[PDB]
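Enquirer: What follows is a structure written as structure tokens; I'll ask about it next.
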Amino acid sequence: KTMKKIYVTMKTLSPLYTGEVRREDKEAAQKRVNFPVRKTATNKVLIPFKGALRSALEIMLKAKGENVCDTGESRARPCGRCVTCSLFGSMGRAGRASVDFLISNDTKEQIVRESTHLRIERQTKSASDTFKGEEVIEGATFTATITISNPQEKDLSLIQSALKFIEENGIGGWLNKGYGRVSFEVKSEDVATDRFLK
Amino acid sequence: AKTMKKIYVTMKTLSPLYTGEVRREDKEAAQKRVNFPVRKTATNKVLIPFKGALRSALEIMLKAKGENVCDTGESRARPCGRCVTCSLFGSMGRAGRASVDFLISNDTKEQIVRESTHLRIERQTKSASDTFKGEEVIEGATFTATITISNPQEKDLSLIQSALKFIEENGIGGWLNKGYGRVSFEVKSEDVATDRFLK
Amino acid sequence: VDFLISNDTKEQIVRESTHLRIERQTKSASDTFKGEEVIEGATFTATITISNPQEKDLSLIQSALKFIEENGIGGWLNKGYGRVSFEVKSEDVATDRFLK
Amino acid sequence: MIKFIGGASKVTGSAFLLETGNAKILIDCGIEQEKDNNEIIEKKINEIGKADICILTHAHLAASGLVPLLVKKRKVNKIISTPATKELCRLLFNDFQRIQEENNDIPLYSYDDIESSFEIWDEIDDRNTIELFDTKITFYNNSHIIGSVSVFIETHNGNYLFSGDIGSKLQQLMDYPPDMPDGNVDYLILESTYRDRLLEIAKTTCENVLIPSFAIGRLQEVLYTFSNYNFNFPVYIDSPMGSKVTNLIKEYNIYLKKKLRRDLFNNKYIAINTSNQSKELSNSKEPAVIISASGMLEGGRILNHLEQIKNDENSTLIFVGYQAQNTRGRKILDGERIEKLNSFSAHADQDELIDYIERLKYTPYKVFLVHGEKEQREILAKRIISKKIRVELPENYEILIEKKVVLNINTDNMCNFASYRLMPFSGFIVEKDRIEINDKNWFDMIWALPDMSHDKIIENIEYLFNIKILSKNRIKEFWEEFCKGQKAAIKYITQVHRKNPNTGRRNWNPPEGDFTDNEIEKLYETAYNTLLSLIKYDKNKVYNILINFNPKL
Amino acid sequence: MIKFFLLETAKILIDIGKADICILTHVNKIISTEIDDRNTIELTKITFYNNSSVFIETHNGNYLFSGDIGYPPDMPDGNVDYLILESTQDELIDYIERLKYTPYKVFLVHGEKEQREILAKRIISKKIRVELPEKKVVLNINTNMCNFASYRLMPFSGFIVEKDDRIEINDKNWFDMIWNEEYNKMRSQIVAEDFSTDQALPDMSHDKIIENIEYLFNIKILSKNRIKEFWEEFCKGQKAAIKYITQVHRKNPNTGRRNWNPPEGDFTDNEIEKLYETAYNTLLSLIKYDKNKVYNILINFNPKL
Amino acid sequence: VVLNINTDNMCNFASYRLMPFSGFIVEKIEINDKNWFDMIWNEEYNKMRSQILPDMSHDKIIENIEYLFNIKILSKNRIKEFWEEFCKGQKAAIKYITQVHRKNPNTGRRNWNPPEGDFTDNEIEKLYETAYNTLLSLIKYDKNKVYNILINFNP
RNA sequence: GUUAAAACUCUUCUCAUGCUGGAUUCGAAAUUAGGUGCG
RNA sequence: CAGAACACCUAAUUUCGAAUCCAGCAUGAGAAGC
Ligand SMILES: [Zn+2]
Ligand SMILES: [Zn+2]
Ligand SMILES: [Zn+2]
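Protein chains in written order, with PDB author numbering: chain J, 3 to 200; chain D, 2 to 200; chain E, 101 to 200; chain H, 1 to 35, 40 to 198, 208 to 221, 225 to 278, 284 to 357, 363 to 423, 428 to 463, 465 to 478, 504 to 609; chain K, 1 to 4, 16 to 20, 23 to 28, 52 to 62, 80 to 86, 127 to 136, 139 to 147, 154 to 171, 180 to 197, 376 to 421, 433 to 441, 443 to 498, 504 to 609; chain I, 435 to 462, 466 to 489, 505 to 607.
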């Protein structure tokens with residue numbers, strides 16, 4: 003029995019914003035910034051990766067004409083029969099592809115700055131609203147080690163297609179304003195799952 | 002025997018960590034604030050089940066190696082009693098030599114456990130379809146356990162260490178597919194005498 | 101040796117719990133069962149009365165209690181259940197104390 | 001049950017740990033600077053151990069200087085103070101950390117530590133009793149600085165009043181009489197002791225100054241003293257953090273003296294913002310009064326003007342604060363014009379402390395003198411003994431006060447349903463200073505805010521919720537500020553409703569509809585008056601009103 | 001503490053059982086003026144003072166019993190924690384006021400209600416607390444307050460529960476919880492037709513039932529606990545055994561599992577389902593027979609039942 | 435002695451007609470149920486403080517609950533939570549069912565589980581209102597019948 | 001004043017063993033660092 | 001009786017915080033002294 007390791011490395015090309023989810027870190031940070039970025043307790047930057055990969059593959063395989071379920075609809079039950087349920091998970095079976103958070107290689111003070119955004123009246127051309135949000139600078143490097151437990155031949159190709167769709171669309175939030183346009187580097191290898199045995 | 006093996010296991014948490022609450026009264030008291038509570042002590046610490054993770058890790062790797070190891074994860078399956086994991090963790094006939102503890106944290110819930118918000122983004126329309134709040138354990142939190150092997154063999158420390166590297170590879174508990182539970186382990190074992198406390 | 105009587109009753113310190121059996125492949129909950137268990141921080145009281153006491157009885161009982169601290173008391177000892185901590189208050193007693 | 005962790009001179013660490021069995025409540029975890041000791045501070049915080057809560061009296065470093073260090077060794081669960089103390093602690097911790105990096109001393113804690121102290125930083129204002137680990141905690145004003153409190157902790161083994169620093173009569177921005185518990189005080193932990210001249214030498218220098229103040233309390237009281245007496249020349253604030261503290265006391269004016277709860286400093290206080298305006302005002306030869314906070318002339322902005330002021334034979338230097346040992350300010354005050367004012371003192375004298383003990387409801391069992399200089403603590407302790415009250419000094423350093435609960439009703443008529451000895455009773459939980468349950472026969476033996509009706513509040517909140525001015529987020533934030541207390545919610549509602557004069561925007565959510573400005577402003581005033589009338593109501597009644605519109609909180 | 016005087020720490026009596057009595061004016082040992130005033134005795140340092154007073158310095162608390170006061182009295186010059194004073376008015380005042388280190392709590396004793404109340408109000412106006420006297435510990439598990448007639452009051456009606464070590468005060472939520480628990484225990488005690496008239505079943509021979517039950521006893525589908533609960537559900541009637549075997553054989557639509565124990569062997573899925581329906585049909589044919597015949601069927605596999 | 439409880443749901447254990455019955459023996466010698474107690478308790482809870505539904509047939513309810521259980525609108529989790537809210541009183545179950553059925557004006561969602569099966573949106577809204585009306589009629593019955601309906605679906 | 005009276009069904013032995021609250025859901029959806037001033 | 005460092009103006013607000021499955025088995029029921 004083999005396993006598949008997909009070491010992905012993100013380089014940020016347009017500024018990245020993933021909102022902080024932790025309610026304590028939010029209410030501690032909502033007196034300085036109106037939009038905190040997702041941060042570890044070890045002062046690294048966290049991006050969810052499984053949902054964006056699953057969304058990319060679901061949109062593309064729905065467009066191709068495959069029998070894939072839409073798990074984005076509210077309280078949607080995954081079918082357990084499609085390719086995406088085999089890869090990322092269903093309600094009976096867990097997913098083969100365990101996808102990690104995108105841990106940044108650098109600390110918040112080296113890749114995270116505090117920008118101020120505006121809202122301008124269309125008639126007056128004056129800055130009506132002002133707010134501040136944390137964003138990740140460009141050239142910041144993130145990493146993940148996508149682990150597939152029971153691999154088939156097509157799973158790495160589907161992961162690379164999903165990564166190309168993330169490079170097309172974006173990761174994190176504020177995607178329509180231009181945030182999150184990133185690039186991915188992939189190193190794939192098949193590893194025996196008995197390899198730590200000595 | 003006259004010697005026992007003590008493996009002091011220290012966990013440092015590298016990713017967010019979740020292990021869901023199992024006590025029905027505590028979970029039902031927490032569902033008015035969070036949809037996914039963390040398994041927590043009554044002394045406000047965090048405990049993680051650890052024997053099942055080690056047994057699952059060792060059974061997957063030893064089944065991959067080709068050894069005659071049973072699968073006690075199948076529905077109401079009985080251990081045969083001849084596997085190495087049967088000697089270590091246990092069988093229906095005799096108890097296991099390894100006495101694995103829960104992973105009690107070194108810090109109280111108000112210092113390592115944070116309440117976070119996850120969503121369900123719809124594939125078209127990019128909107129928040131569903132939204133749920135769950136509790137999690139922060140990165141850098143330290144957990145401690147003591148694995149106590151009553152009758153040590155030569156391959157007890159090596160298999161426990163290999164299972165700990167497998168748990169580092171795949172995750173310890175909870176939402177392992179979304180990136181939760183990626184941790185790291187320090188191991189400090191010592192073969193202690195069984196008659197140590199008598200003096 | 102007396103039974104270890106808890107100071108609190110069942111609604112304070114006994115909670116029912118969900119325990120699982122998960123398939124090694126496919127990582128899915130295969131079996132589920134409910135089990136009651138006693139919470140952390142609960143205190144229990146026992147009274148060991150030694151008649152004709154030798155010199156080493158306190159030392160052997162305290163060493164046995166350290167062994168129960170290291171191993172555990174009750175069931176599910178391999179899963180981490182029952183790791184406790186003992187505190188001993190010994191008292192030498194004349195048997196005729198009730199004969200007032 | 002109380003340990004005085006370095007409570008003699010407050011240097012190299014100071015703390016009051018009231019361990020009550022189920023809680024390691026901690027008071028006044030701060031550092032005093034003298035100006040290698042950091043390792044002894046580190047050993048003392050590791051000697052403190054796990055503390056369940058770090059109560060904070062006031063925002064000075066003496067009581068609030070080691071809070072992110074207790075966060076650093078992760079010994080504190082919750083940190084509670086007043087909101088004024090919380091934001092002044094933000095300014096204090098940022099400036100102290102910048103000083104640790106500038107002086108190249110090894111940093112005690114970190115900026116991230118300061119933040120993670122503010123992760124767990126709860127806050128309540130005065131007269132807000134919280135039930136934490138069977139200890140009822142209440143805050144009272146002690147008139148020291150803004151947001152300064154005395155702590156009243158009722159544990160089952162006694163009532164402890166940690167007084168903290170007590171204000172004087174010369175404090176102008178606060179009420180003089182310090183608020184006290186209205187119940188029994190068993191143990192009182194008291195900290196011992198340690208205006209026209211300023212104006213008339215401002216005349217004899219201006220028409221013919226430089227004022228070194230302290231950024232918390234002292235500079236704002238000098239500014240308010242110059243605000244009451246409008247002379248002829250102008251006043252300048254050449255201090256960044258002093259300007260921020262001045263702006264926060266303008267924001268936190270609801271926490272101030274009652275007369276000053278209605284601007285406050287009635288304009289005319291040109292504050293220098295950047296360092297170029299500071300160099301301009303240093304090189305400005307016009308007769309003007311420059312109030313600014315560096316402390317004791319050692320580091321800050323003052324030193325931009327020092328040279329200019331020093332050699333000037335017409336100028337003067339007005340020491341309104343104490344100069345500690347081995348500081349430049351002390352070196353210019355002793356002699357190695364020079365005037366020193368002693369009325370500007372935040373700390374109370376001995377007679378005000380005698381007044382503080384005498385207007386307790388009951389005489390305390392034991393007065394624990396803690397900080398202050400030795401000889402003043404000695405003479406103060408003798409004057410406590412002359413008032414027949416017990417003293418424990420921290421150098422020299428026991429009944430048991432159990433608050434028992436009595437049934438006082440019949441228990442013979444009892445039954446069994448589920449192996450429980452239950453009996454239904456209707457009685458009255460009378461609470462003496465010995466909680467008593469007593470039957471109804473005993474009861475027969477005994478027997504600023506506007507105002508709106510309950511239905512008007514219901515209809516106005518429903519209308520403004522449909523109009524989207526009032527929101528679930530707004531109701532949730534207002535409920536959090538109201539569970540903080542009434543005055544914090546008053547400040548929140550005033551801050552939302554206040555119209556910014558430069559932009560003309562209020563922080564209210566804009567109404568959805570075809571409303572014309574006048575209707576929009578009338579709806580905003582309706583929301584203001586409705587939520588102030590809601591503020592006047594009781595807390596459970598506010599919860600039952602707000603649970604209809606926002607189902608959660 | 002003092003009970004109305017017995018003051019344990023011992024159980025020393027000042028003017052009952054196991055005591056060292058100290059009589060006043062105006080058991081194992083009687084102490085009075127032998128020891129005169131100004132002299133101390135041990136038992139807890141006891142010193143007597145003249146009245147015209155017992156002073157016990159214990160480990161925790163220094164207690165002073167005054168006795169009747171008539180004339181300048183005599184008071185200790187040390188430290189007093191409790192001051193037990195009779196009241197039957377200004378003489379008691381200065382007797383209190385002229386004593387250094389004024390006590391924590393005074394006690395009024397041996398008088399009517401009006402004089403004790405007047406002296407008590409005079410001592411609260413001197414800022415010394417009073418107590419006016421006339433066991434499992436009690437725990438408020440409650441949570443709003445009032446201020447009627449200068450008492451902090453709460454309208455509460457509830458339950459008092461009495462265990463061996465404590466008496467707790469609970470509200471209606473506890474009673475609702477235990478009522479729901481006992482209702483669930485009461486309703487789980489009966490099924491509608493237990494132990495009643497004998498009630504649509506497949507029929508099969510006795511030898512085939514022997515063969516099938518032996519084959520599902522070798523592999524672990526029909527086990528000893530399965531035969532035990534089958535016999536216990538057969539004792540409470542035919543429909544109870546019908547309900548039990550329908551509950552055991554029920555395949556959950558969400559998981560696709562039944563309550564049978566899985567067979568020990570190398571059988572594939574279809575054969576395991578055939579063995580499950582074989583067990584269902586075999587036990588359904590077993591419910592047809594008489595009770596003694598089924599007992600003779602099942603004693604050969606489960607000797608207990 | 436006069437029983438103030440109707441003797442329904444009355445099981446048949448041999449020649450002993452039976453009912454598990456919890457209640458109070460009031461010696462006024467009346468035997469009332471918990472409901473009288475709550476109407477008593479709130480009585481003192483407003484007195485001492487002073488001193489200081506639609507109709508559905510029982511066949512229609514079990515048919516509708518079976519239909520909604522097959523399309524997973526009425527899940528086991530939902531029947532259990534409705535049972536705990538019904539055990540706390542009629543008003544608490546009314547408030548819980550009103551909370552579950554409530555269409556949020558912002559999201560447009562209800563707290564019901566969505567139906568399993570190909571349905572049109574109008575029929576989905578009809579199924580949601582059917583669940584609302586069926587459980588709203590279940591509040592009207594007494595506790596012993598509302599458990600005997602719900603025991604078949606969530607044991 | 002009972003074919004009475006006298007004598008404790010006592011001692012020894014832990015409900016233990018086998019089973020991971022797991023699986024399914026991206027904090028994203030709204031909003032230009034705008035205005036101000038002569039190389 | 002303690003921290004202290006070309007110009008503005010703004011740095012607000014809102015919505016979600018739910019849903020579902022599972023809760024089963026198996027083995028041991030005896031010896032021995034008095
Ligand atoms: Zn699918
Ligand atoms: Zn095996
Ligand atoms: Zn101070």
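Cβ atoms here follow ideal geometry from the backbone N, Cα and C, with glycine treated the same way.
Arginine 322/H lies in the alpha helix (DSSP H); which residues open and close that run?
Expert: It is not in any alpha helix (DSSP H) - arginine 322/H carries neither H nor E in the DSSP assignment.
Enquirer: Determine the chain I residues that contact residue 256/J at a beta-carbon separation under 8 Å, and present them in chain order.
Expert: The structure shown has nothing for residue 256/J, since chain J only spans 3 to 200.
Enquirer: Between which two residues does the beta strand (DSSP E) harbouring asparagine 529/K extend?
Expert: First-last for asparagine 529/K: 528-539, but that is the alpha helix (DSSP H), not the beta strand (DSSP E).
Enquirer: Answer yes or no: does any C-beta atom of chain H fall closer than 8 Å to that of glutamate 481/I?
Expert: Output row for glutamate 481/I: interface = yes.
Enquirer: Would you say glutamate 195/K and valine 396/K are within 8 Å of each other, going by their C-beta atoms?
Expert: Contact flag set, yes.
Enquirer: Under a three-way DSSP split, which group does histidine 64/H fall into?
Expert: The answer is coil: DSSP assigns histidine 64/H none of H, G, I, E or B.
Enquirer: Residues near ligand 3, CB to any non-hydrogen atom under 6 Å, in chain order?
Expert: Spelled out in chain order, the answer is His62/H, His64/H, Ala66/H, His148/H and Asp169/H.
Enquirer: Which residues, taken in chain order from the stretch 36-60 of chain D, show a beta carbon closer than 8 Å to some beta carbon of chain J?
Expert: Cβ contacts with chain J: none found.
Enquirer: Would you kindly work out how many angstroms separate the C-alpha atoms of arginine 102/H and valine 35/D, rounded to a whole number?
Expert: Approximately 39 Å between the Cα atoms of the pair.
Enquirer: So which residues put a beta carbon under 6 Å from any heavy atom of ligand 2, going in chain order?
Expert: Taken from the N-terminal end onward, the list reads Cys71/D, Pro80/D, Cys81/D, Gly82/D, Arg83/D, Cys84/D, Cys87/D and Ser92/D.
Enquirer: Report the start-end ranges of each alpha helix (DSSP H) in the stretch 31-100 of chain D that is 4 residues or longer and not cut off at the edges.
Expert: Listed in chain order, the complete alpha helix (DSSP H) runs (minimum 4 residues) inside the stretch 31-100 of chain D are 52-66 and 85-89.
Enquirer: How about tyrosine 423/H and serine 167/H: do their beta carbons lie closer than 8 Å?
Expert: No. Outside cutoff.
Enquirer: Helix, strand or coil for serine 185/J per DSSP?
Expert: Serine 185/J: strand per DSSP, three-state reduction.
Enquirer: Thinking C-beta only, is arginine 124/E closer than 8 Å to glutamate 60/D?
Expert: Contact: yes.
Enquirer: Checking contacts by CB at 8 Å: is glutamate 26/J closer than that to chain D?
Expert: It does; some Cβ of chain D falls within 8 Å.
Enquirer: By a C-beta neighbour count over all protein chains shown, 10 Å radius and 16 as the cutoff for buried, is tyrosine 19/D buried or exposed?
Expert: Per the 10 Å Cβ criterion, buried.
Enquirer: Would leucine 588/K and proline 506/K qualify as a contact pair, given that the criterion is a beta-carbon distance under 8 Å?
Expert: In this structure, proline 506/K lies closer than 8 Å to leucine 588/K by Cβ.
Enquirer: Does DSSP put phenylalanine 474/H in a helix, in a strand, or in coil?
Expert: Looking at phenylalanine 474/H - three-state DSSP - the assignment turns out to be helix.
Enquirer: Put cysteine 93/H into one of helix, strand or coil per three-state DSSP.
Expert: Note: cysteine 93/H maps to helix in three-state DSSP.
Enquirer: Which of the three DSSP states is assigned to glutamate 195/H in this structure?
Expert: If DSSP states are grouped into helix, strand and coil, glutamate 195/H belongs with coil.
Enquirer: Please name the residue, chosen from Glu568/K, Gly569/K and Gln551/K, that lies closest to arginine 562/K on a Cα-to-Cα basis.
Expert: Out of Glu568/K, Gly569/K and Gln551/K, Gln551/K has the C-alpha closest to the C-alpha of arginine 562/K.
Enquirer: In chain order, what are the residue ranges of uninterrupted beta strand (DSSP E) at least 3 long that sit wholly in the stretch 564-596 of chain K?
Expert: Counting only runs of 3 or more, we get nothing.
Enquirer: Which residues of the stretch 536-570 of chain K have a Cβ closer than 8 Å to any Cβ of chain D? Give them in chain order.
Expert: From the stretch 536-570 of chain K, only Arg561, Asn565, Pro566 and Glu568 have a Cβ closer than 8 Å to chain D.
Enquirer: Mind checking whether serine 185/J and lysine 13/J have CB atoms under 8 Å apart?
Expert: Contact flag set, yes.
Enquirer: Among the residues of its own chain, which have a CB less than 8 Å from the CB of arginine 554/I, if the five just before and after it don't count?
Expert: Within the same chain, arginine 554/I has close Cβ partners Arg562 and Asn563.
Enquirer: Rounded to a whole number of angstroms, what is the C-alpha to C-alpha distance between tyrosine 191/K and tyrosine 388/K?
Expert: Near 11 Å, if we compare the C-alpha coordinates of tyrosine 388/K and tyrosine 191/K.
Enquirer: By alpha-carbon positions, which one of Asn604/I, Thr586/I and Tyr599/I ends up nearest to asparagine 483/K?
Expert: With distances taken between Cα atoms, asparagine 483/K lies closest to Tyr599/I.
Enquirer: Helix, strand or coil for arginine 351/H, going by three-state DSSP, please let me know.
Expert: Reduced to three states, the DSSP call for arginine 351/H is helix.
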